[PDB]
Amino acid sequence: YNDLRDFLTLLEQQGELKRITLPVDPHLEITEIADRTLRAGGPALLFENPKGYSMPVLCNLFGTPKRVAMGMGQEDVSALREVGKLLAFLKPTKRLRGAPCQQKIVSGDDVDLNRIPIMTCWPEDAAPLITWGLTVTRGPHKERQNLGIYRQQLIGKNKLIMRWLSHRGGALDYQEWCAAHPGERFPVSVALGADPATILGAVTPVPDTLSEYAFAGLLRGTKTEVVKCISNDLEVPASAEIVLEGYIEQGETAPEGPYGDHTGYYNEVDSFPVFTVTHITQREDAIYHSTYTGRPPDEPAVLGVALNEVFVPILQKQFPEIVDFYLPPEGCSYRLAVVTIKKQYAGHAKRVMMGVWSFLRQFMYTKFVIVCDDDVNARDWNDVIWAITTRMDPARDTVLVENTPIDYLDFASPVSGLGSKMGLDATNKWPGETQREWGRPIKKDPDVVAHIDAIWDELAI
Amino acid sequence: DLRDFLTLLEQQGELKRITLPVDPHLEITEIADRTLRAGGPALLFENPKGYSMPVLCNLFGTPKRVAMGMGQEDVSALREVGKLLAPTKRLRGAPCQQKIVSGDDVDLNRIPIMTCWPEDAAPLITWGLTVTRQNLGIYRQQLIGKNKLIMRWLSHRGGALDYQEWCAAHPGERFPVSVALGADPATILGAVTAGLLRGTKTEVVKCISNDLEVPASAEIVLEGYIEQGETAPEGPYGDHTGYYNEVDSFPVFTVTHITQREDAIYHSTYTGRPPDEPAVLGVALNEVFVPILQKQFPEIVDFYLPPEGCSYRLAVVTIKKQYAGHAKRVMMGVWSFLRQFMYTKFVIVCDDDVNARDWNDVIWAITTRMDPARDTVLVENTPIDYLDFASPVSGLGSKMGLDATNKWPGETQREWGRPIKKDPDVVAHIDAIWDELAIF
Amino acid sequence: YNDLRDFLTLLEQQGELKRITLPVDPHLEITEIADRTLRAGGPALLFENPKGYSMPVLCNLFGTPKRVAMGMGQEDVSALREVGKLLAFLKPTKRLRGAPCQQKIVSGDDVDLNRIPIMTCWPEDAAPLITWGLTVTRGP
């Protein structure tokens, strides 16, 4: 639906947006509330009263599954499947100017970032943290562009940190910019508070054949209204609320953190490049879209559970035996995985593990995989825990693999960025696998299950 | 009394009368099941399909209701002291005896006894307090004829032993047996190796047809005898493991008399894939162990055996970690100190900033504080439950210890992570204006 | 290129087909030779003289890499890559009758398979073995 405010109004109508008029602190307070809400499951929150401020602070926007699907075109969290039928089958822009995004420009020394209500998220964080900027960058060589969400710690008056992670095509953009034009400044533009369509295209992997304004905008019904930036010849989305324009001074970096991670812990200080902003271009009643992360759940963590319903089809195409796949938010949205399969032969559950650990680059860091038959609900601990404890001999049934790629930040692994993984084969063991008669699992009649649904309300309990 | 207890529960909002005609056959289990899985109220199906005797089930599908059943409401402030430490009363008149029925008049078929799972044998009596000093035992009873139930004790037990001390003493002579259906809460909470609970001595009354003394709070009563060497094939049935049994032969208890209150209520339950009614009751009664295990290992904050692992098969343990290697002593403790836990396959150890009862917490800790290969203890050829078909050989298998505790120097070499804590202050500042922000 | 015999002739031209006129046994012998050839790397072999027979026995057709690529359209075993660019990117028929394939029909009891020179491949195999039939089946 159109631009961010157009989407905004839809929610407020159906009781999916909430209006807080009370004075709320960007320092830790707005965070605390959004967690209470998300942990129990309230609506999105808009804050027309930041304490000592006057710019609205929007958080918890995609804070439950339903906020995502409506943000994609539908009502049913079932057509998130169809978003994923899309990316595996693939195996367009529209420019403006006096476009709403740049109506108010503040350049040069007038640039004071203390003017915006950036969230200070948790107890011993460093400075306040810009958590929801959609970073735009260009490769010097080609022309095709790159989006990304990095956490942007404000250190100075108009200085910001680019916490990008080496691998990202976004980081690779800067690296090749110093390489071809050495000692020369690298233009970046980070756009804030955007429309639903490109925003869910920003937390998503696309094959490098199609731009992520073309996929993202065609999750909406309308091709992407974009624009030239004032200080550079790279594109920011037009539906924007605040747009940041600057460059990174070559060699110049600052100490970053501590910050709490969605891991539930404090990242220890480590240094990163300084994006210096020469322009802050905005609307009027302009908004600033924001979030946070911590000991899971959190917004990304739900956004994560959201995202993965999208992956399922991709996985299913490649792995038809996979009935269902799911990474819990308890396990940092990515560290543990339950897969459920139609088992087709002894040994089967291992083909699946190694598949999971390798096929998608997202799932390359997943320490724990638990594979069970299609009569186990992946999404329920009752089932999975039953699964594990009735259907496995632990030593017989556990794949342990060593010296594999693991997070540079995961302090549990024996060395930095190299640790071990564990598969759990909790599938019923066919012969070859066991020499004992296996148990006949109680299975429920789908009929009886069906009749009792028609009756469930008109039974009120 | 039970019917008091029921009204208490009904007021509190902890019980639901259901007026729809619903089949004792398979339907009730399905309803009782979805319910239990949601913290559901106890169920009173006032009209079962093809019976007029109302059915009560899922009485205990709630840790709260186990507690309300003793007069209290914590369960861990309560049962827990109940093992730091670790007479009846007869009457001349009972409600439970009001309607008597002898001979060919006896038809068990008019009782709404349940069938719980699709492939189950025949209908099954699940909450019968069998009576045999006297011995009380909750034995599963398969319906096989107008006046015939299979009595499935397994040979070692007390009530089963009563029958051998019968064959020994009076060969040929039929053994007397009576079964009460539904007593007062405290009588029902016959469990763990009887139970005081309320504190007033249990009131019994004499059986009409034989020399046994059944709970006066009875709703129904089944009295009769076992002819020596009469057997029926029992099963196959669903049990707590998630699976069906094999057909197996047992004694045949013949009912001569049925005694019941007017406005009789059938107390029935179902055992099935965890969690079920029993497995929940079990988790309540297990609170009894924690202090015992503490006397021995003062490091243990919490020892908790989830029912989703069949109520014994997996233990999560939180400890106040004292030195490097600690999580290990605690594992080998679990596996050898008390005999109940000698068959526990999986034992997860976490530091005490983790809520043993919360998969969110536990999974958080496993996935943040473990290097799988480094922190997993596999031991094999260890004694395992022989009925467990998952071990390579009946009676022998491998165990698993997950060390999810934090790693101290020498256990690692990385700077370890420090947990984010929430600001006790921003706790207070919100402790006020939450209500006054109606987010809904 | 067209039909099998059209492809056949291309090879014989460039020294990639070989003509054996000598009497050769379907039982193990034709096998032995094709192995000698393939292990060192001779051409494809056509046998206008099976021993006790008169139907030509063609073997070792794709017996080296180059016989494959020419069989696909090219000369360079490098565009076999391009055959594979095809199957991952994808992520039409034309019927005849008196078509060459059915000019001679033998049905019923006249069907004697001992009429064909099926290869008997190695020492203690069972019976002779039809090794190169392209089986067609339909789902009901």
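Chain A residue numbers are taken from Swiss-Prot; in order, the displayed residues are 6-96, 121-490.
Positions of Cβ are set from backbone N, Cα and C atoms, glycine also.
The active site, proton donor annotation in Swiss-Prot covers A:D290, and the record cites sequence analysis as its basis. Per Swiss-Prot, Mn(2+) binding site is recorded for A:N175, A:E241. Look at Swiss-Prot and you will find A:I178, A:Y179, A:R180, A:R192, A:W193, A:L194, A:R197, A:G198 tagged as prenylated FMN binding site, backed by sequence analysis.
Counting only same-chain residues six or more apart in sequence, the Cβ atoms lying under 8 angstroms from the Cβ of A:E241 (Mn(2+) binding site) belong to A:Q174, A:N175, A:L176, A:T227, A:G230, A:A231, A:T233, A:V235. Separating the Cα atoms of A:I178 (prenylated FMN binding site) and A:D290 (active site, proton donor) is a whole-number distance of 15 Å. Close to A:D290 (active site, proton donor) in the fold, though at least 6 residues off in sequence, lie A:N296, A:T322, A:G323, A:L438, each with a CB less than 8 Å from its CB. Fewest other C-beta atoms within 10 angstroms, among the binding-site residues A:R180, A:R192, A:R197, are seen around A:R197. Around the Cβ of A:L194 (prenylated FMN binding site), a 10 Å sphere holds 12 further Cβ atoms from the protein chains shown. Max Cα-Cα distance over the annotated prenylated FMN binders (A:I178, A:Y179, A:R180, A:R192, A:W193, A:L194, A:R197, A:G198) is 16 Å. In terms of local Cβ density within 10 Å, A:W193 ranks first among the binding-site residues A:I178, A:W193.
Look at A:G198 (prenylated FMN binding site): DSSP puts it in a helix. Of all Cβ atoms in the shown protein chains, 22 besides its own fall within 10 Å of the Cβ of A:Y179 (prenylated FMN binding site). Sequence-distant contacts of A:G198 (prenylated FMN binding site), defined by Cβ-Cβ distance under 8 angstroms and a gap of at least six in the same chain, are A:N175, A:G177, A:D237. DSSP assigns A:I178 (prenylated FMN binding site) to a strand.
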